[PDB]
There are 4 protein chains.
Amino acid sequence: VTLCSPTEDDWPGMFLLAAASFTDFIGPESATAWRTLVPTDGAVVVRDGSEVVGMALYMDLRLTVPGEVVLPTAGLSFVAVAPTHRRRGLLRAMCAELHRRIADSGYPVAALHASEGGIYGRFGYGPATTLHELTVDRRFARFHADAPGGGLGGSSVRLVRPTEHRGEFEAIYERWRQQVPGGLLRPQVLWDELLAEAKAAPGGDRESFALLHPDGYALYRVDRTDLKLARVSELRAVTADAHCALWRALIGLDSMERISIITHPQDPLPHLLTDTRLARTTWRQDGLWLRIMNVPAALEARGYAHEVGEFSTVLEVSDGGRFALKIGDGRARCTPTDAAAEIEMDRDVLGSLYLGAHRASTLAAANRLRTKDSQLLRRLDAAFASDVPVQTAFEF
Amino acid sequence: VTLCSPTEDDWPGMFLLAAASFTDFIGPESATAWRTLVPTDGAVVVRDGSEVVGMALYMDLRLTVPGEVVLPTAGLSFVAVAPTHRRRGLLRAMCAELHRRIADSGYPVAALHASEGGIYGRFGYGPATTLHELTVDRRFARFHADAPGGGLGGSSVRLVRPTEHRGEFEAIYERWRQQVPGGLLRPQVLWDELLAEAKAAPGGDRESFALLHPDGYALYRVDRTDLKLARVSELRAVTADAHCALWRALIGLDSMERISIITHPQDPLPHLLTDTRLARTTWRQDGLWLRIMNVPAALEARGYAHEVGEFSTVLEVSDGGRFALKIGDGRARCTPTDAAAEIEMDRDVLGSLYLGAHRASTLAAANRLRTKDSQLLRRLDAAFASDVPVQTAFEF
Amino acid sequence: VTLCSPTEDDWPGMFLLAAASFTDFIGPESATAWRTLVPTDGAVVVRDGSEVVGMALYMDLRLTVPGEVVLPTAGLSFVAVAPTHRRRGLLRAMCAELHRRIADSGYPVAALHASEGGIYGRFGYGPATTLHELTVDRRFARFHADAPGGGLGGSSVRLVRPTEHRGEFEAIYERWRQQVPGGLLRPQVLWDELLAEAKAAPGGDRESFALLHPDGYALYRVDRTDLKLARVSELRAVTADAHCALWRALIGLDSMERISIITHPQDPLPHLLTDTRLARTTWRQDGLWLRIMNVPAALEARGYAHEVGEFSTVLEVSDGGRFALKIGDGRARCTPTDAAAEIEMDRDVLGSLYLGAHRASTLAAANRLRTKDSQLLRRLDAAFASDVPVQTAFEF
Amino acid sequence: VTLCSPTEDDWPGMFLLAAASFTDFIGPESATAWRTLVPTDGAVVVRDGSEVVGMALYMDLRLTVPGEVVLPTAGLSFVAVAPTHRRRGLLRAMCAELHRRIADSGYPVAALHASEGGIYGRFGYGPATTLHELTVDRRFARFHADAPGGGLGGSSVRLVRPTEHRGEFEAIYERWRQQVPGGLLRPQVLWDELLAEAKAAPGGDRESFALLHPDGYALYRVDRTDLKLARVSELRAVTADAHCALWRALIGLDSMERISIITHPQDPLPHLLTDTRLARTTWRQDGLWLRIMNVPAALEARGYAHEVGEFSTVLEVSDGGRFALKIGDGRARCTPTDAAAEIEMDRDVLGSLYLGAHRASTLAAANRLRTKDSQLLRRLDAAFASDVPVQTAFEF
Ligand SMILES: Nc1nc(SCC(=O)NCCN2CCCCC2)nc2sc3c(c12)CCC3
Ligand SMILES: Nc1nc(SCC(=O)NCCN2CCCCC2)nc2sc3c(c12)CCC3
Ligand SMILES: Nc1nc(SCC(=O)NCCN2CCCCC2)nc2sc3c(c12)CCC3
Ligand SMILES: Nc1nc(SCC(=O)NCCN2CCCCC2)nc2sc3c(c12)CCC3
Ligand code: NA
Ligand code: NA
Ligand code: NA
Ligand code: NA
């Protein structure tokens, strides 16, 4: 049981463990695309004596954080221990090695999508974005007098085949990802992958259709089994006009009873309708998990609320350093100190505050975040909040 | 089809329309309790030529708003039109008369619980609180190292019969309702009603049990049909210690698979657990709806965030007045003006912002709230936000 | 947290913990009946400082074992720890005290019905009987030419009201319980209880009917919710003729689609039919759990198979003694020895072998029962097997 | 309506009737494999005037019976009557002809898997093995201290692609089938067939994985529709160590909630766990059905329990002969007699006793097996019991 970077000979063994560990695994051909995002020394494998019993890797990602700042991000993925080698400390060993390589490479943050919500807290990952499924019974849906696009001067939205308008989707996404916290750069190979899932599979998924606006798109397909449910896989809108126009078109799918979308808690769709209740929340889950690798670099890189006035405190991260934290005019300075800590938290708690999806007051109430000053809690709360609501880009 | 205050002779006709309109209607005996909250001239009925075809009333309530301020509130309830007299403008007529009487009586706000989410917007009611059902699979639930009450020095929580500890529940609730936005005074007759539902009904609800702490209680019963689900009807905790202690006791119901509770979006329960995902959101809905009767009185009565610096604007409510609004040091001054409006909104939108449950930015994105200054939107956003999360007291 | 025998003042606190711990708890009035089976010093309670947080008791029972031998049996029941006092070692403390009192009182065996199958193994209880639910689709059920009661000379079975034929049910049960391993004496107060559940409850269970033969009875009721399913609560047959006759009558319930019964794996009902498959096994579970208190007394008290020839071995029970075991002519002699052990097992494994429901070979295969002689395993297997199949009398 | 052996020209008509009669029919290409097991004169067809309206065949099989003895067995299969020609006595005619050919060919036993449990009794087939579905909720599954493979010195089990380890599966199966009653020789063409079902089908079954030990294997796949259920198609273990090791690996499938397997009633899996109840029996059914063609040859060929002492009786099979039966030292001598019968049974009842899956006492209780001596019943019972539990090899 030794720990090594894989060679080309190890990947067939890794694909086997992948097939056996992940039900949603397309196969080696689609793995070519994702492999291009794995740097040299981005992967570890554990061999027994020999076959692959353990694997983990990170991908080179670009993550938008509040203030429209883009951070280099290590995206953890393809993490698996063989069912034959459980409870043997292989995960702890692989996650220790990758975090070493991620930190030494100068990534300020690591990110992952959690297969289960009970594993990643103790490796320093906190849930940072929230997935919100809205189902609309579109048979009752009437738009509000106040909603943009009331006047029937002409619809600016077109129904199109995804593959014939790739260029336009790319351009809209690129604009979207740069202006939204949780935004991720989508490289060319993941657009190739996305538009190949857009075509109908024999006894699988149905054909995907696109609704295209100059400043937004929706990709949607009818559900395999429920033929009265349309699933919106992706809706990217850069302006409120684009968002309303795309929803007017989706509510116009008169052959459907229901439109479902995985969105964020602050999606304005419910407020576009005369009856806010018609857009039911049918499912909620943690989206993206963050591990702050370098506390000073991460806190200094993001923008803060201009509304809160200048303030200073001392932040202790458990086994992560103690820092003089000074926030004002939407910037932070974060410097070493041995002065008494005013705020204590585990590293995962910091990951949860970093994109503004969770309130310091909420984590404080659970005692995940300790302070003896409630004034400082309110100030932390307001400073870390995000003007632009945090969204989730795409699963990796 | 004339509109009148009911006499004692009208109430049997009102109870008939009640039984036929509301499935969850206990009966006339329990109606005695609620009737004591209806002032003289709090009720209107419509007779045909004669039987009751239309009714509506308000109750005298006390509603905690941000800044721990208690407002006199007209609680609309018992609103019904006979199925024989639909689409005849009876609701519009009854709601016009009650709003006249509510305004003339000097209530700054009216409130209701909506039977359907598509009716009350056009009478000026906006959804102001959010109900959040959490279901815990308590078989996997482990408390976090950071959670209060780790040390087994002795449990401060007792399992008790509700009826034998009324005095203690009352005292805890009274403390809770005074310090939480959305808090309502619960008078003696509604405690009588609550503790009578606490006993087992023959081929109905099972016996309710209480978990009692010095600074919190939970009332819970096993579900009629699902014998592995415990439903928490009510959990009132004044301190974070009480909240954790009560949840440690509920997770200790080893005969149950699942604990469900209707709570608020900011419930810290998920952060008390090693796996935040174990507390799934199974249901979300609008709780309390507010109609601001008097815009200047309501905006001046509540406290604002001390974090946002002093700022001035002109607010126009559609058919509700135009006001010079000046916010600073957590207070607002709101005075008549004919100066150009910087913010426009329908009255219902104001009701939705009033308790801090919805963000101005979110309503702005749906065009429910118009401005041409995004700086003013952020300032509005931060000022109207509530330090203490908004909760829902009890249905009426 | 002290451990004491309850006084009359403690029982209201015990009934509260009962209501909160057991969903199927009738109430204090029916508890009078069961209380008469609890000896003086049969109960322990744990008080905190004061309320009941822990309880356990045993009842005086009489258990038929192979060879038609009746043993005095301590029936453990009413075991509960308050959800407020979990993971505090209250169960381990109460079970240690009761086992002390049971052993000192001279009970050779203790018995219980397990609320969950993961608790009782480490207190020395092994599952000893198996519950088998058969559902018959009685619309296809035709009796075999070979089945007794083919000739229509006249039915010896009567449809009757349970309460009017108590005397006859008692006499048949008394005959049944004396000749079947797992048989329990049913005292008068449990017949009072049984026949009170036989009457219809308002918005609860439907009326119970009886099928009465000179040498058998069935009690059955239609299911609350499924009106085409008849549930046989109890079928006691002393002769094969009685068993067939009762099943001919149940298959004649022409208003039902399905007859379900909780029976034992060796129920001959499937072999009475032309299509054995029509009697589906819809559910299987551990019935009665045994803890052998005194290994020598228990092994000497039961009869063994006359078919296996005389043989000698040394049995070690983990922390339970080592014994020279000599079996021949259906009797065992069991005497102290320090000679080398040929068979090792935990005490619970012995409880599982004691009524002949599990095979030594099966437990050996799981390594619950160690030996280095496979000849001795076959001999153990054959000797402990029961001529009369083991059944389950009634839940306690 | 004449009865004939098919020619090559008849097989397309037989495949048509197959497709229309059997939902699980792969097609003619996979039928090539099974056809190689059909001897010359192993098949009958009924033509009308012309198309195939009736068919039946037997395959040359090798069946392990108690005492590790292998019998030549006629495996009945591909039995179908056209829906156009029901209730015309075609089955009775085809089954009479095949049984003639089977008996004349010198097969001591015939075997089949029953499509329905109500047909085959009257042609002399009795159910001889029992299929037992266990579902494990593997999230709660903890292995017992006593279970082999506790020490984490290194896992002896490998996760592998089935097709790359055919040789090893074959060798383990061959060892297994020779030492277990109900074991069947699996020829090369059925290994070809098995490993072709092991690969993923487009919009069909998912990829099959193998867990490989030196002395056991498991083949498993995730369910089509339920992505949290793993179905074990096949688990062959020659030693108890192999059986435990394979189950430790399956419980380590951390992406699954449930593991299901079709096994036998005596599977020790439940005893490997701290909570025996976690391995629920979710389904039970007759496996293999036996028709004893030659009573003297079949009774003389199998081994008997060495534990029962020598005894003699006279067995009458209804329309099957009367025999002096003498059993001692695990052998039987079975010779013609006209002496008074002590045991009577139909031929199917003998098929049910032959592999030791049913007890003579159980069949006696249903009056399927008549005697006036209960001593002789116990002796029959013990003699026919199988030391090694009876399992089911594979469906044909
Ligand atoms: N990072 C990768 N993603 C995907 S698509 C599935 C997805 O979006 N989320 C679930 C991830 N989970 C399931 C399947 C893959 C493993 C983990 N496919 C692939 S192939 C491959 C990677 C990858 C990383 C490099 C090799
Ligand atoms: N305000 C009142 N509440 C209740 S209890 C039911 C509840 O909490 N919410 C649903 C209200 N809805 C159903 C039943 C009553 C009518 C509307 N019972 C009664 S009786 C009665 C009132 C009332 C108002 C005065 C007469
Ligand atoms: N031993 C007793 N049995 C019963 S009836 C229910 C039953 O048959 N099995 C489930 C037992 N379980 C549920 C309800 C009681 C507690 C445990 N009722 C009562 S009341 C009472 C006892 C008892 C023991 C003495 C006081
Ligand atoms: N004996 C044969 N088995 C099979 S695979 C299906 C199975 O294992 N059991 C269900 C059998 N039942 C369904 C499908 C076939 C007919 C009966 N396929 C084939 S093709 C073929 C035979 C056969 C016998 C010779 C021609
Ligand atoms: Na400071
Ligand atoms: Na101004
Ligand atoms: Na010996
Ligand atoms: Na004889």
Side-chain angles (χ1 to χ4, degrees), chain B residues 6 11 14-15 17-39 42-43 55-61 75-80 111-115 184 189-190 193-194 197 287-288 392-396, chain C residues 311-315 323-327 337 339-343 371 373 376 379, chain D residues 6 11 14-15 17-39 42-43 55-61 75-80 111-115 184 189-190 193-194 197 287-288 392-396:
Chain B
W11 274 88
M14 289 166 74
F15 291 143
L17 185 56
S21 288
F22 316 128
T23 49
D24 61 319
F25 181 59
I26 293 181
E29 35 279 332
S30 111
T32 288
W34 287 92
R35 281 246 260 148
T36 81
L37 307 193
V38 184
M55 56 184 200
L57 53 77
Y58 73 86
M59 293 171 297
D60 188 64
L61 302 182
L76 263 77
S77 188
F78 225 66
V79 180
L112 60 80
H113 285 263
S115 76
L184 291 173
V189 293
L190 292 189
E193 280 295 293
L194 173 61
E197 294 176 333
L288 181 81
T392 307
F394 58 79
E395 220 194 314
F396 64 80
Chain C
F311 79 96
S312 289
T313 186
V314 176
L315 158 73
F323 307 91
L325 185 55
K326 177 206 157 82
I327 299 176
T337 187
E342 289 164 44
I343 324 162
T371 185
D373 188 7
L376 170 60
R379 280 166 170 184
Chain D
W11 274 88
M14 289 166 74
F15 291 143
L17 185 56
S21 288
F22 316 128
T23 49
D24 61 319
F25 181 59
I26 293 181
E29 35 279 332
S30 111
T32 288
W34 287 92
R35 281 246 260 148
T36 81
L37 307 193
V38 184
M55 56 184 200
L57 53 77
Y58 73 86
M59 293 171 297
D60 188 64
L61 302 182
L76 263 77
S77 188
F78 225 66
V79 180
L112 60 80
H113 285 263
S115 76
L184 291 173
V189 293
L190 292 189
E193 280 295 293
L194 173 61
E197 294 176 333
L288 181 81
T392 307
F394 58 79
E395 220 194 314
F396 64 80

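Lettering of chains follows the sequences in order, A, B, ..., and the numbering in each one begins at 1. Just follow the structure's listing: the first ligand is 1, and inside any ligand the first atom is 1.
- Not a single N or O atom of B:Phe22, backbone or side chain, sits closer than 3.5 Å to an N or O atom of ligand 2.
- Using a 4.0 Å cut-off to heavy atoms of B:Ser77, the atoms of ligand 2 that qualify are 1 (N), 2 (C).
- Considering only non-hydrogen atoms, atom 23 (C) of ligand 4 lies nearest to D:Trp34 out of D:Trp11, D:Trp34, D:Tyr58.
- Contact annotation: for B:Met59 versus ligand 2, heavy atoms closer than 4.0 Å belong to the side chain alone.
- Taking CG from D:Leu288 and CZ from D:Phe394, the interatomic distance works out to 10.0 Å, rounded to the nearest 0.5 Å.
- If you number the atoms of ligand 2 from 1 as listed, the ones under 4.0 Å from a heavy atom of B:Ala31 come out as 20 (S).
- Residues B:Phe396 and B:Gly75 come closest through the heavy atom pair CE1-CA, 3.5 Å.
- Among heteroatoms of the N, O or S kind in C:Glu342, OE2 lies nearest the Na ion (ligand 7).
- Applying side chain to side chain contact (heavy atoms under 4.5 Å, CB included) to D:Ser77 and the options D:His113, D:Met59, D:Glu395 leaves one that passes, D:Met59.
- Residue contacts with ligand 4: D:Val38 is placed with no nitrogen or oxygen under 3.5 Å of a nitrogen or oxygen of the ligand (distance criterion only).
- Using a 4.0 Å cutoff on heavy atoms, D:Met14 does not count as a contact of ligand 4.
- Remark: minimum distance from atom 6 (C) of ligand 4 to any protein heavy atom is reached at D:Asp24 OD2, 3.8 Å.
- Not a single donor-acceptor pair under 3.5 Å links the side chain of C:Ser312 to the backbone N or O of C:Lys326.
- The protein heavy atom nearest to atom 9 (N) of ligand 4 is D:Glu395 OE2, 3.2 Å.
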